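For reference, the chain that follows is the form deposited in one PDB entry, supplied as structure tokens.
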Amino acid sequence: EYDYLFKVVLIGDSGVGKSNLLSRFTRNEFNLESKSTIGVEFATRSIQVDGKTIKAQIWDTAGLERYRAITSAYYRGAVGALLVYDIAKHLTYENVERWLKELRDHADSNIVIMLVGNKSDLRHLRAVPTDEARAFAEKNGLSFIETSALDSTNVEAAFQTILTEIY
């Protein structure tokens, strides 16, 4: 079926758009009325990379600002992570540091991390300057991109890019 299996997890504040990034990537679907995620789930998508079939296994869970019993298992074996915030809510960006710390304390040291500023379609309500986020990312060795699960801008590109870096 596939040549490589890569586990990638989604983290970030509740409401930033993690589940819609997952649904957009794996089912080309967006839901404006999506509800906060219950439990832990994952979905797969197979893509082509360097002529190889990559099976991306994307994990998702609610972005609860708290340590969780599932934390260790959630990062276990993960080779990639999308740290997501809402460009229209500066608070979700402030919390990026908290998420990165949690990741550094449980994930493999060589995990590839991409900082994702979602909801770019709300640029008229931007609260997080692109230049500032990019600076934070490069400073902490994280890839960076702005997406919109709503209009699909850069969503495919975000996953393709992180998977390309992993392989």
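Note that the rigid core is defined as the largest set of C-alphas that superpose within 1.5 Å between two forms. Counting begins at 1, following the sequence as shown.
Annotation: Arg98 does not belong to the positions left without coordinates in a third of the other compared entries; each one with flanking residues models it. Per the compared records, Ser120 is unresolved in at least a third of the other entries whose models span it.
The mean C-alpha temperature factor is higher for 96-104 when 96-104 and 24-32 are set side by side. Mean C-alpha B-factor is higher over 137-145 than over the other stretch, the pair under comparison being 33-41 and 137-145.
Listed residues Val116, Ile70, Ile47, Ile113 were ranked by CA B-factor as deposited; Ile47 comes out on top.
Sort the chain's modelled residues by C-alpha temperature factor and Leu5 lands in the middle third, per the entry.
Among all modelled residues in its chain, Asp13 ranks in the lowest third by Cα B-factor.
Keep in mind that the form deposited in another entry is not shown, yet the notes after this line are about it.
Compared between the shown form and the other one on the core, the listed residues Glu65, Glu132, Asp108, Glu138 keep their C-alpha shifts below 2 Å, save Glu65.
Put the two forms on the same core and the Cα of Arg27 is off by 2 Å or more between the shown form and the other one. For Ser36, a C-alpha deviation of 2 angstroms or more is recorded between the shown form and the other one after rigid-core alignment. Compared with the form shown here, the C-alpha atoms of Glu33 and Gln57 sit at least 3 Å closer together in that other deposited form. The pair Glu33 and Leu10 is tighter in that other deposited form: their Cα-Cα distance falls by no less than 3 Å compared with this form.
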